There are 4 protein chains.
Amino acid sequence: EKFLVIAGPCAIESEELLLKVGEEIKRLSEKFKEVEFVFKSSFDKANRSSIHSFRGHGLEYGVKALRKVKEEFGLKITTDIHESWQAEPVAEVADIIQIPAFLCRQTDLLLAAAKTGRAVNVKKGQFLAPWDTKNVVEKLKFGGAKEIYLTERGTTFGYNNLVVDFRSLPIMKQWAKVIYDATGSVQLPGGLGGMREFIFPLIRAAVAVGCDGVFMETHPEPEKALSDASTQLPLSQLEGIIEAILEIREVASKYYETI
Amino acid sequence: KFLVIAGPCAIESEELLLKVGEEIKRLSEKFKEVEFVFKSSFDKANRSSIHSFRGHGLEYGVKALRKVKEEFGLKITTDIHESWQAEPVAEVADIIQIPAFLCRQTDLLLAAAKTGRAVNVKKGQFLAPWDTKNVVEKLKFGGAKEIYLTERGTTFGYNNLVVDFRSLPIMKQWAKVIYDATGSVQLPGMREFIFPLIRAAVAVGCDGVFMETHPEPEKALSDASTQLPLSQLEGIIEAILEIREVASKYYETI
Amino acid sequence: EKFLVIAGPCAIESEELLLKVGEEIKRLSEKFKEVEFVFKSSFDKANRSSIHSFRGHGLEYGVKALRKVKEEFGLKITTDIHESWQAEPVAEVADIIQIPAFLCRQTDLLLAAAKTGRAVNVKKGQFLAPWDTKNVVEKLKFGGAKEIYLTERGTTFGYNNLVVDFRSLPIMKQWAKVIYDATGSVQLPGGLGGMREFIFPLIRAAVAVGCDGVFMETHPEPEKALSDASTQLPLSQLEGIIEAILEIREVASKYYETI
Amino acid sequence: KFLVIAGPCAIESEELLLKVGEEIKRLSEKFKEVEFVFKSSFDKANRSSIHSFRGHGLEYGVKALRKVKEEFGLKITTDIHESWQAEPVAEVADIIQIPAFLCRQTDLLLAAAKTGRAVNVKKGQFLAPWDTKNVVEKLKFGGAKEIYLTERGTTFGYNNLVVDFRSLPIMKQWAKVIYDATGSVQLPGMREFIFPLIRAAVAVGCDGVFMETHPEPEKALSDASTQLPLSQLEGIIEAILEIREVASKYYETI
């Protein structure tokens, strides 16, 4: 099947940042024709640790900025919702509605996303076991979702640390398409945190094990990002990472197990 | 004074609430030094299965709770799941409770603080003790003056929660600490560990305990495996007050 | 039953340090007559992280120093072994043979300790689940051990950290007397580590839950210790801690569950 | 060259060793770029139950292994459990293996290094990746020149091990890294996860893989739930060499 690459700046810092990233993603979409690209960016960081951190410019502004990206580059769009009422307005531009990791068990939010008729991607909560995602997919199907994805983004491992149990990819694959969050899985919750040096190796692991797509937050200058400055991938490195995982995926694919 | 927050997990009916409320009222009269707070949810908004009991709704719930406060003069507390629920809930709730999974949702916290009520945040199973400092700051920023942090266990491998009692003294630096005696032994539980760990909580030192109690836990529509049998509540309360009395002498300064 | 308080300097830095601690332990044994004191000290730290750290002055010297303590103060003695051949010579002075946490599954070591006829105290490995200690006790009984103790000293929780799951006390109590290691449970493995501020609260928790004794490494000046300098309890604080746990134990005891 | 350490968990008999050794010899001739090392224990010294199979002893074991090296010209490796065993084992063993639980026992490490042989330390389930640096230092201090660190999983809650692949690049800073493909999926296991994770190990980058293989794992006297069926070894080796070939291009510098 067509490999999915979900990527974009963590937060919609501005409509300019988006178009700048969208341009590069469009270029890669033209090169990697065997890949389905989806532009990602949050109109709001509703779960920052500190009340003083950047959240965003609002739903209205965010949706409008995203529609511009889709309009200008013809790229599919995905963004996350935080409360039920947001599903409807977001569904107007988002091809895939994302459910935040902490909210992966909030029934009404999942139901709100599902009835829009859009695809739904649920980030697996850091407190959730792989096999417990079966009920998550069941809620979505109950709610009308026909295209469902489960995203691996790490599991709580002691304090301020996340480990990736790759056994989750084949387990979750039993009931939904699986995406690997290459940048969220290396973050250190409330650490400062994040270790950028592990993004690449862990993503190679993901494609070797086998998944249906990767998720990466990328920014022109991660150092200046308003969110996830420690984990966002420098935009100039995106192409190389993608070529690399496509190569590893190809050679490893004949060995992927049959669920 | 020492806080004791108790009640059935879910508002299965105002009938059940009234029965439990009667017993809590009784204990309330028997333990005058303890501040009792009746607790119950009008909706289990985070059940694993779409086919599980959620409740009878916010309206039916607030009504049932209203009847408990009016018929027994007991303070009330319930949890909210989305921002718009803060205001209507604040009508009856003296303490607005924030679900563990939602302890980082800024808008939910701000909405609860805005109501002027007291706010009790259940500590996420993914959160480190010291990271609750920022949770409190959000509430203070939002106008909350009576803030509580409730220890309910931490993710330990899959389908298991461990109680790191080091959290109590750490969280006490910036907020009053409550120990969730029934939520801490559940397996994302063993009722046999409820009393032992509640004893540990008061020996370590906390500002209150939190317990889900039901006449027939096995028949409860929620947390049937961890809810405390109503008949056992008095005995446990007496026990923890006695332990607290002796142990409080050694609680570390702030 | 008579509460057990196992205490002493982590390592036998010298025979003087031992007599100095032994004197204080003897004084407390005279005061707390409802307590059975056992003087503890390792003749060798065989598992230091660094090859450059203090290990000890050898078995010969250690045993001789311990025999002096027992001889001078009439105090029971306990020390740990690291290999099978050490059981016999150590058994000549030690009333209780201790098995290190990392070695709690080494069959021959456990068997070596058991055949001496001495009591055996096994530190629960940081990798072991509470219920898995049942087989540990079975090995010891198979080997002839008649007086067996299981010591809770924490469990691996993420990297360089240990958490105490107090549910282990009643679980392990099903097949052996249980001891709580108040100083080992707060150490941060390979941290530098240890957090002394948590020793007291966690020990209050232990007696409230209910155990058959406590284990504490105490040194006149923890800051100058050759081992566990970050976790050893200042000797001057020992009396107060003991009085405190006896008080909490008493008031909580009527509520201890029946296994 | 890339290392492939394989063989039956326990030396159930030199008969079994010879059969497995024959297949490993065959692969050895088929994969000339890979350095194969025959592995097997003469004693399961850390079994949970006193009533489980331990082995036939060090003498019978060293003899059986000697026969494999002489009959197939394959390098040998086995694990020691106490210091005195280092010397006699070094007679046959090209690589002395240090059990995971014993990775911190200084004397055991020094005794293995003293023999002049190569030393492979299984990383304790309680050890952080960066703390293996000191393990290597001990071996260097002891005279070891060929040092290996084997990733075999980390304690994750109770009765479970997780493989944190971040360890591979971290440990590679001070020693060659081997991935234990069968020990990492055992539950203190699911064979279905052996191949997926071994693929991940080579995509990330390691200097070799470690696998316990047996003609009939289900009948094996040790690790019957995690041992790889002998017939599947060739296929997995071919697969990991192909993945390595493509992925090695991206392994990070040191």
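Reconstructed Cβ throughout: ideal geometry from the backbone, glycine too, with neighbour counts over all protein chains shown. No value in this document is a laboratory result; all are computed from the given coordinates.
Per-residue ellipticity at 222 nm, computed for chain A from helices alone with -39500 (n - 2.57) per DSSP H run of at least four residues, works out to -10000 deg cm²/dmol. Taking a straight line from the alpha carbon of B:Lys69, these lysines sit under 16 Å away, with near neighbours fewer than eight places off in the same chain left out: B:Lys19, B:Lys25, B:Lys39. In this structure the amide hydrogen of A:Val214, modeled in the peptide plane, comes within under 5 Å of the amide hydrogens of A:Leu4, A:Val5, A:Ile6, A:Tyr180, none closer than 5 places in sequence on its chain. For GluC sites (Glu not before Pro), the sites in the stretch B:36-135 that DSSP calls loop and that have at most 13 other Cβ atoms within 10 Å are B:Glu91. Net charge dipole, the stretch C:149-259: roughly 320 debye, given to the nearest 20, about the Cα centre with Cβ charges of +1 for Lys and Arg and -1 for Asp and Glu. For C:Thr151, the residues whose modelled amide H falls within less than 5 Å of its own, excluding neighbours fewer than 5 places apart on the same chain, are C:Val122, C:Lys123, C:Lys124, C:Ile179.
Comparing the stretch B:116-223 with the 2.2 N^0.38 Å rule of thumb, its C-alpha radius of gyration ratio is 1.09 (two decimals). Neighbouring Cβ atoms from other chains, within 10 Å of the Cβ of residues in C:129-140, number 3 on average.
Note on the protein assembly as shown: percent of Cα-Cα distances in each 10 Å bin, starting at 0 and stopping at the bin with the largest distance, equals 2, 11, 19, 22, 20, 16, 9, 2, 0.
Highest-first packing order for the peptide set D:113-119, C:118-124, D:181-187, D:245-251 is C:118-124, D:181-187, D:113-119, D:245-251, based on the mean count of other beta carbon atoms within 10 Å. Rounded to the nearest 20, the Cβ-based charge dipole of chain C about its Cα centre (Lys and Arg +1, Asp and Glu -1) stands at 540 debye.
Rounded to the nearest 20, the size of the Cβ-charge dipole of chain B about its Cα centre is 560 debye, with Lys and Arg at +1 and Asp and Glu at -1. By the rule of a C-alpha distance below 17 Å, with chain neighbours fewer than 8 residues away ignored, the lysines paired with A:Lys31 are A:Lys2, A:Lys76. Taking amide H positions as modeled 1.01 Å from N, with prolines and chain starts lacking one, the residues under 5 Å from A:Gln98 and 5 or more places away or on another chain are A:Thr79, A:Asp80, A:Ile81, A:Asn121.
What FRET efficiency would be calculated for the residue pair C:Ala229, B:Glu22, taking the C-beta separation as r and a Förster radius of 51 Å, to the nearest 0.05? It comes to 0.35.
Taking θ as phi - 60° and the Karplus parameters 6.51, -1.76 and 1.60, the scalar couplings of the stretch B:54-71 work out to 9, x, 10, x, 5, 5, 4, x, 4, 5, 4, 5, 4, 5, 6, 5, 7, 8 Hz in sequence order, x denoting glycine and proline.
Taking every pair of Cα atoms in the stretch B:26-97, average 1/r, invert it to obtain the Kirkwood radius, and report Rg/Rh to two decimals.
1.03
Kirkwood analysis of the Cα pair distances in chain A returns a hydrodynamic radius of 18.1 Å. In summary, the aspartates and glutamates within cross-link reach of A:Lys123, defined as a Cα separation below 12 angstrom excluding same-chain residues under 8 places away, comprise A:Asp80, A:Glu152, A:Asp181.
Considering only Cα-Cα distances, which of the following residue pairs are longer than 22 Å: A:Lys254/D:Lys172; D:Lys140/D:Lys176; D:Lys1/D:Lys67; A:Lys124/A:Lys146?
A:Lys254/D:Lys172; D:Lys1/D:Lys67
Note on chain D: semi-axes of the ellipsoid equivalent to its C-alpha gyration tensor, largest first and rounded to whole Å, are 23, 22, 19.
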